[PDB]
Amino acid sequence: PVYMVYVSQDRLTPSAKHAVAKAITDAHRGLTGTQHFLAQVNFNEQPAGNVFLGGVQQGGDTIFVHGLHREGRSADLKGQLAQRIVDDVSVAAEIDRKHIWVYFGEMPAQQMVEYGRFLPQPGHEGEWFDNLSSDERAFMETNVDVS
């Protein structure tokens, strides 16, 4: 999955960004089973004042998380995932949940590429990884934080 996270300039310190990334990544891994290295958190920063709510320009305290996943999960699991991302980012970013927005977009796996290759159908990460060469596995494994 790829989580595009929209925030204002310097609202999240390098340290805060890592926490948020870990929170998002861990929540995903926990509720979906998908492997850590398969989840991306992309911070897109803009100047405070570029976000508008109901037409009222905001300050630097808004966070919009737009998640891109593979088709396949139930409404129940997605709801939990969303809820978990809200709680976890709230804590990780030290930001009240009222300031948090989250949208989930889904797509067919056969049209999703990570690490230059096609993702497996949900629940097949197993044989997908087994067929990979040790070079590609070693590379993917460098991208896992288990704190």
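We number the residues from 1 along the sequence you see.
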Higher avg CA temperature factor (118 to 126 vs 83 to 91, as deposited) belongs to 118 to 126
Highest CA B factor of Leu31, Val41, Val65, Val113, as deposited, is found at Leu31
Among the modelled residues of its chain, the C-alpha B-factor of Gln58 falls in the third labelled lowest
Of the three thirds of the chain ranked by Cα temperature factor, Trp101 occupies the lowest
So, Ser133's CA B-factor, relative to its chain, sits in which third? The lowest
So, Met107's CA B-factor, relative to its chain, sits in which third? The highest
